[PDB]
Amino acid sequence: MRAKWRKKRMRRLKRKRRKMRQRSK
Amino acid sequence: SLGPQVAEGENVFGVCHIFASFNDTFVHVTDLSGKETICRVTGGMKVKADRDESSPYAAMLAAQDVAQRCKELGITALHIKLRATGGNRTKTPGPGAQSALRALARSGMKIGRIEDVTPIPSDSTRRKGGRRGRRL
Amino acid sequence: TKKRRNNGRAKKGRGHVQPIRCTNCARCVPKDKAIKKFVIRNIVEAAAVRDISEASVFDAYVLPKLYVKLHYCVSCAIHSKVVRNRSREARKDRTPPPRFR
Amino acid sequence: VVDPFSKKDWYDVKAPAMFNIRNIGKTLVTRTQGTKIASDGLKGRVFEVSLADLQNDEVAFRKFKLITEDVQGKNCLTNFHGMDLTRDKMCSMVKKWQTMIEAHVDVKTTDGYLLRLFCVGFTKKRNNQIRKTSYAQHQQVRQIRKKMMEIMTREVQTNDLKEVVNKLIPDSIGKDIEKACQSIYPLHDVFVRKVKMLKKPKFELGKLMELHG
Amino acid sequence: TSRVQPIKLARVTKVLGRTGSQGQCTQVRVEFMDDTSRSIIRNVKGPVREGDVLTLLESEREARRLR
RNA sequence: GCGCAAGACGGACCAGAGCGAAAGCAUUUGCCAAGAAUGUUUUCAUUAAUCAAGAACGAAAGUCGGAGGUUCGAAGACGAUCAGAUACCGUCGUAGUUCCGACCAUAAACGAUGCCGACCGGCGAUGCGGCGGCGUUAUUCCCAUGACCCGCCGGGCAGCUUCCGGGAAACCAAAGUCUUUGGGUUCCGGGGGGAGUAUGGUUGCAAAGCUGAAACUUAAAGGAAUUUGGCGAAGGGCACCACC
Ligand SMILES: [Zn+2]
């Protein structure tokens, strides 16, 4: 895949990971 | 309809508006003021296929019909006013406009001044479509 | 690699220019990049001029002309056969194409 | 369905006395039945005629808009409504490698006639000029606009509508502007492209009678 | 329709190059006998020469290139 | 065809033209403030160049609060296309697009070429300021001015040619003056992936910005150019094993 949509996908994955960590308090 | 004027020396003047686009043609005839129309035909009522609404033959048939109606109603001289779709869309007139002009010439009608009334803007409004246009 | 001396445009001391729209397409293209064609056309082309001139009210009537400037995107200009591809030595030639009449 | 064109009446339109050819043409309107009067539909009509069809042997790229204001029977008496140029001449005068000047005023005559004159002025390539540019600096453009403003205001303010429209049949305003704007930058193509109407006074029929001789 | 067109009769003056997608029609420059000064261009189908008399069901339609 | 109301925008003039540190800037007029370059036999006399910390500005998209919403139009509702089409196409349309007030500091923010200074070829043009000169014009004489013609100087955006020279080459009058290696100075890279990733700090209402690894895995990933390769690339010709 091209770099732009890969960076968007990794942004979405990082947002999901941050949400899961902030809900795993 | 009929007038008391002589049919030998003087001629009766009207204007005719040829609004032609890439899809359809209009051959409209009004009086000198333009407020009172006479008879309006389009290439959509000369052929029973809307694909051929922009054909030269439909415009030719419409021009012959409107010229016969104006001849039998009492109009013998016309001023040409050509027009495209105007706006920001395009400025080149439709492909049946000069065909309708020639068919108006063949039917026995006098032609006077020829002008164009395309509504050209001073960068009014953005066109329909995206930044990349229509990709076809 | 770098293909042209300029970058396919004429922007040398600006950084930003006004974008225009294509005629056939609606693509937003900068003004100094789009290929322009100021064509002067007449109302009746080659055979209807005698048709108007013989059947007319005014004698010695000059036929009016239509003036229009066309803005073309690069893909639309190549697709509409306005410009073509040229060789590596003939790419650096900025003269207009020759005209016969 | 009855024939709609059998209940029409053919009328006439008459140019004012400051032109040569009084006859313009014929219009049509329905007859007088009901609450609607046939003379009402002849009120708000604008007739657009070229200058060569109205004067005798003059230019043809100028048009005059004429509006009927009063009717006396079987003819419609017209009045001035504006002046405009043709589109092909306006597109032909605009060319590259020369700068472009516009100017406009809000002038009023000796009566209630607020005009809005528009005019253009184009720079001239000299006969022995080698340079292709022939541009002008911005302050020369400002002085040319000031001279155009002064000439347009000075020529209409002291006259009524009849004299200034009599001056509009030739391009004497254009000749005065081209004579004035010569020590700044030489101009060659000066025309009055458009004249509008803003305010109409109270309808007086007598002035319309001296306007037709 | 409600208006019959008279069958105009015409005679060719010069033949141009071959047109059409598969080369099945050719360009001609043709003139009329009732009006000798009038000339018009048309697409004809079949083998033609210079000087032959050819029939037209209409005298208003123009010619066309390969499309 | 004639009038009204609202919002947006400023065509053709518009150019390998101008200005600004950059992002950027195009209707007319009025007001305020700033600036480059040119001119000078003015004035101070080393006040200079590049710069961690710190500070200003910064496209569009994005968020919060208002007035306003013409057109275009993310999400969405459809109609065709298709094996599928929640895509290309067409009809509507929500946030947004426009202004005010508060925020983030991101782009292929690119001449993909830091700033200051010196030297090293030629030519014709172009924008600004100044100097000189036959002539034409603002109607016939004189002077200054504007508009042309011919040259010169200084700064700037650029062009053509070159066995100066350099480079892996494309190319470059700088990317030259570099093994005959040193003018001053700031930032920055050591094969590819993991990876602008995890954690820590910090900034922001939020979206997110700045700083920024390692384990592991691989012998390649790359840059320039020439002939047969295929183009649903273009320009010319040919074939009844192609067509009409
Ligand atoms: Zn396009």
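Residues numbered from 1 in each chain as written, not as in the entry; some residues may be left out. Chains lettered and ligands numbered in written order. Part of a larger assembly, values for the part shown. Heavy atoms only, no water.

- Listed as the method for this PDB entry is cryo-EM; the listed resolution is 3.7 Å.

### Some points on the layout of surface pockets
Then comes step 1: The computed volume of the second largest pocket comes to approximately 800 Å³.
Then comes step 2: For the second largest pocket, the lining is made up of 22 residues, of which B:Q64, E:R3, E:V4, E:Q5 and E:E60 are closest to its centre.
Then comes step 3: Sorting the residues of the lining of the second largest pocket by element identifies α1 (56-73) and α2 (97-106) of chain B as the ones contributing at least two each.
Then comes step 4: Residue contributions to the lining of the second largest pocket peak at 7 residues, all from α1(B).
Then comes step 5: In terms of residue class, the lining of the second largest pocket is made up of 6 nonpolar, 7 polar and 9 charged. (1 Å grid on protein atoms, 1.4 Å probe; cavity = no way out; pocket = protein on both sides within 12 Å on 5 of 7 lines; lining within 4 Å. Points joined across faces, edges and corners; volume = space filled by probe spheres on them. Helix = DSSP H or I, 4+ residues; strand = E, 2+ residues; numbered from the N terminus. Nonpolar A, V, L, I, M, F, W, Y, C, P; charged D, E, K, R; others polar.)

### Here's the deal with a positive patch on the surface
Then comes step 1: On the surface, A:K7, A:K8, A:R11, A:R12, A:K14, A:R15, A:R17 and A:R18 cluster together to form a positively charged patch.
Then comes step 2: Turning to its location among the elements, A:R18 is positioned in helix α1 (residues 3-23). (Patch = residues over 30% accessible without salt bridge, like charges linked within 9 Å, V, L, I, M, F, W, Y side chains within 5 Å. Areas by Shrake-Rupley, 256 points an atom, 1.4 Å probe, with all protein chains shown as cover. Salt bridge = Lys/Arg side-chain N within 4 Å of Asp/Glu carboxyl O. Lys, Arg positive; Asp, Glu negative; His and termini not counted. Charge placed at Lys NZ, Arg CZ, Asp CG, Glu CD.)

### Focus: the coordination of the zinc ion
All names here are of chain C.
Then comes step 1: Donor atoms from the polypeptide that bind the zinc ion are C22 (SG), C25 (SG), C73 (SG) and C76 (SG), placed at 2.2 to 2.3 Å.
Then comes step 2: Coordination geometry of the zinc ion: the 4 donor atoms subtend angles of 62 to 149° at the metal centre, consistent with an arrangement described as irregular.
Then comes step 3: All donors of the zinc ion come from a single chain, and their spacing in sequence reads C-x2-C-x47-C-x2-C. (Donors = N, O, S within 2.8 Å, 3.2 Å for Na, K, Ca; no water. Tetrahedral: all angles 85-135°; square planar, octahedral: opposite > 155°, others 65-115°.)

### Some details on the interface of chain B and chain C
Then comes step 1: Listed by partner, the interface residues are 26 residues for chain B and 23 residues for chain C.
Then comes step 2: When chain B packs against chain C, close to 2200 Å² is buried across both sides, 61% of that on carbon and sulfur atoms.
Then comes step 3: On the chain B side of the interface with chain C, the three residues burying the most area are B:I114, B:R127 and B:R131, jointly 25% of the side's total.
Then comes step 4: Viewed at the interface, chain C and chain B are joined by 1 salt bridge.
Then comes step 5: Residues B:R102 and C:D51 are paired through a salt bridge, measuring 3.8 Å at the closest nitrogen-oxygen approach.
Then comes step 6: One can count 6 residue pairs in polar contact joining chain B with chain C.
Then comes step 7: For the side of chain B that touches chain C, the secondary structure elements donating two or more residues are α2 and β5 (110-116) of chain B.
Then comes step 8: It is β5(B) that provides the largest number of residues to the side of chain B that touches chain C, a total of 6 residues.
Then comes step 9: Here the side of chain B that touches chain C is composed, by residue class, of 7 nonpolar, 6 polar and 13 charged. (Contact = heavy atoms within 4.5 Å. Buried area = accessible area lost by both parts, 1.4 Å probe. Polar contact = N/O pair within 3.5 Å; in protein donor to acceptor, adjacent residues only side chain to side chain.)

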